[PDB]
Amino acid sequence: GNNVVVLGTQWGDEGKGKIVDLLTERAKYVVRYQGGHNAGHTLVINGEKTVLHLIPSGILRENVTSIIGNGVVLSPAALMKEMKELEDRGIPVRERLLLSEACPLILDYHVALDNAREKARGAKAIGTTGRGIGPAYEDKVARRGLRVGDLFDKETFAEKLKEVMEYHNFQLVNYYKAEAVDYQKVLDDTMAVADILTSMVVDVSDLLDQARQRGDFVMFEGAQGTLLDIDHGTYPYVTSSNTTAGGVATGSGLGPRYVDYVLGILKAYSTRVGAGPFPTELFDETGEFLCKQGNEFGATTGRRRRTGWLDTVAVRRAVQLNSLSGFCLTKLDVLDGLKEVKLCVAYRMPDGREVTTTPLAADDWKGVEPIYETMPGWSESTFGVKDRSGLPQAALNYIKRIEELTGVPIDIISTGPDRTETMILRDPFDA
């Protein structure tokens, strides 16, 4: 399919950046349909790293026009930050990148708010990345926010800005007893980058309609993961946007009927950053082993990531939700050395029932325990293996049972962080 969707089947941090960069070879466009700079999509070409946060993972490819769609909450400061960094490394970000005038803006006050609300939660803190994501999405739905296109008239912007900040500060100071963030300062910072963004502005939905009509290879890149969906996730321990493929047509403008292949990025084991349910969570050396080996530390915050065995149940939901066409198995080599391996095949409900369906809101997950199928590990090395013939029978079996369990094929297998340390058993643009 020309229009391929690559998204996180778990809780984010499955390894999407690498796959977007990988598959972008034949693509003319890469589009982010949601999230913000809360992400940390890491690219490694020949061993040279690049951590992307807001910038689409097709930024290091001459042929690709990277696009930040309307669904995405844009932080002027972060964008400017990333560009220079890439520009200093030979990537003409401004010739490659495009953005929607529809994109919500994230400003100083959104972070202050993001932090007050979090603190306000005491023990019940979500573990948000503290980037004003939550608040930015709020102001939007409220029809009170600033989008990219408001910079079109700096006069009315400053007026609109004064009004909105006037409002937020009363709450910051008067309710949260927090300091007020200054209007003139945020104004000054904003209006100093205004001209840049506005020049990257294009009609994204009309744009993609033309590519589709011509048959161009479009790649929509997701951030976060299925279980962090604002609707379908473990509410309220979720992100503020829709991380399920449906957010593709809403935050890009593409016809829902034009999505061709939904590629699910599946890490060989689970991880979570931020508070929230996680059945297959391990608190033993096996879980610490995964931490040290998969190098599970937040790429935006640097927070230690919680680890666990693969959960085919939370995954099976992701499957149905995104109409996944196939999987890309990431970090399988992190399993090397393990004796026994475990996938979660079902959940034991607190009332004694056994189910193969996940609960919904965070509360509903309470006494839910995991049922596993233990499998033999493999001492052999898997790192860098670019073919199955090099994958040991166990590894191969683990993979197959996963397909069997989910009914979805492991189309690509990633055996290392570098672009080349991978296997494409089926190409999404082909099949």
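We number the residues from 1 along the sequence you see.
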Study note, to complete from the structure: Between 169 to 177 and 72 to 80, the record assigns the higher mean Cα B factor to 169 to 177
Review point. What stretch has the higher average Cα B-factor here, 290 to 298 or 126 to 134?
Key: 290 to 298
Review point. Which listed residue, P236, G225, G352, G308, has the largest C-alpha temperature factor in the record?
Key: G352
Point to revise | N38, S57, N397, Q34, ranked by C-alpha B-factor: the highest one | key: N397
**Study point:** Where the record places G253 (Cα B-factor, split into thirds across the chain)
**Key:** middle
Practice item. Sort the modelled residues of this chain by their C-alpha B factor and say whether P92 lands in the lowest, middle or highest third. Key: highest
Practice item. Looking at the entry's B-factor column for C-alpha atoms only, identify whether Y261 ranks in the lowest, middle or highest third of its chain. Key: middle
Review point. Ranked by Cα temperature factor within the chain, is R121 in the lowest third, the middle third or the highest third?
Key: middle
Practice item. For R212, return the chain-relative third of its C-alpha B-factor as stated in the PDB record: lowest, middle or highest. Key: middle
